[PDB]
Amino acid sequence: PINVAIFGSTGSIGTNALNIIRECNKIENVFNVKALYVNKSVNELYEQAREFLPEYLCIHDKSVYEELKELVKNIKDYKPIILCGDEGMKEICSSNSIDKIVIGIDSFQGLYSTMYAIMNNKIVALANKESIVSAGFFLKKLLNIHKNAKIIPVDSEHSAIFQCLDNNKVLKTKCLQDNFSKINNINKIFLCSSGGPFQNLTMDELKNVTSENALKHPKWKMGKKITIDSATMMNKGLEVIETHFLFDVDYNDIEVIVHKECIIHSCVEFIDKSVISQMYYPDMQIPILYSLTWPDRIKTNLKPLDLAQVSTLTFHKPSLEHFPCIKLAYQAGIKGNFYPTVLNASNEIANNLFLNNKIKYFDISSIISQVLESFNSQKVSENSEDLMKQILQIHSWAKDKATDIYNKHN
């Protein structure tokens, strides 16, 4: 019986997590949903509580706390512990009844909850790539202290890589640890990308693309921020750094490859040169489920992959001239220090400016480049609390710098 908490239970990751839990539990009772946590979606939380009957309920916005307490009286034979805010989140993380926590929260409230799950030696199913990019060294330090805590990757490509590894080796180590790649005999990673909507466009066409071109009738329905990052390939740039931190793979041994069918989710080359890959239809339920069943697998009723129907799988190298965000991500990763923090923060600003029609496509990369060029390496604090404060300071500095560059140009 797997006891699971879901943080951000009404977002995309949270609802896909509950969907696969529901469907798997029909086949065999495997999961007990112990806690649900949302920002302010009190009615959606009530609907989930009605079905899943968790021991804990938490809502971040305290203005809707009483509104939740009244609604929950409608559910029969049910007396949950209803909590509020950061203190509620912390009480859930500290509960002995919870084994695994799904983090479906974007940005730094995601990092904050991840931190407390780790301090409580839980398994943390983590989808938030920006938290790993911006606080990777901090998370490594925290995981070295809290020896039974584990991050299990949910980002589709990183789940794929993790699924391609031998658990007889994985169990000797854990993600976001030094020497992970040595212990697992990993030589190199093929990190698969959809390529986004702009692969066939010329440099002159890219000059004029808008956020509407990136968002309009998309091949893959996703959130706006990640859709823009897919269009610039900065999504893959961030995922290169995510790969480096999760699996301790050198940047020279991570290759971005454009695979437009999105059936192969990534591939691992081992030291003998044998390559293992993971494949499925594009569907977050498989990566989410594996994060909750690892090191085992369980039965689902998902549609089986029909390779004959798929028929063709294609691969090509991305053009760094057309997708300069990729090069910027490698440069930041290789420089190390807090350059990944700076990359992520400046991209947060540049992405949103492009989304709102304030800058052009190549201005995204120009702004990010200028902020990276302005940053000077800082001595990394040995003290965990000071290190988190450095990450926050540098994140804020980089956002401000990106905004200042935009303001001067405008």
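Here, rigid core means the biggest group of C-alpha atoms that superpose within 1.5 Å across both forms. Start at 1 with the first residue shown and count on from there.
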After core superposition, the stretch with larger RMS C-alpha deviation in 8 other deposited structures of this protein, comparing 216-224 and 128-136, is 216-224
Top-deviation stretch by C-alpha RMS in 8 other deposited structures of this protein (rigid core reference), from 192-200, 267-275, is 192-200
Taking the deposited Cα B-factors and averaging over 136-144 and over 326-334, the higher mean is found in 136-144
Of 276-284 vs 207-215, the stretch with the larger average CA B-factor in the entry is 207-215
When the entry's CA B-factors for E66, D363, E348, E373 are compared, the highest one belongs to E66
From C267, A149, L246, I98, the top C-alpha temperature factor is at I98
Entry-reported C-alpha B-factor of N352 relative to its chain, by third, is middle
Of the three thirds of the chain ranked by Cα temperature factor, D77 occupies the highest
Of the three thirds of Cα B-factor ranks in this chain, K236 occupies the lowest
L126: C-alpha B-factor third of its chain, per the entry, is the middle
In terms of its chain's C-alpha B-factors, the third that includes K172 is the middle
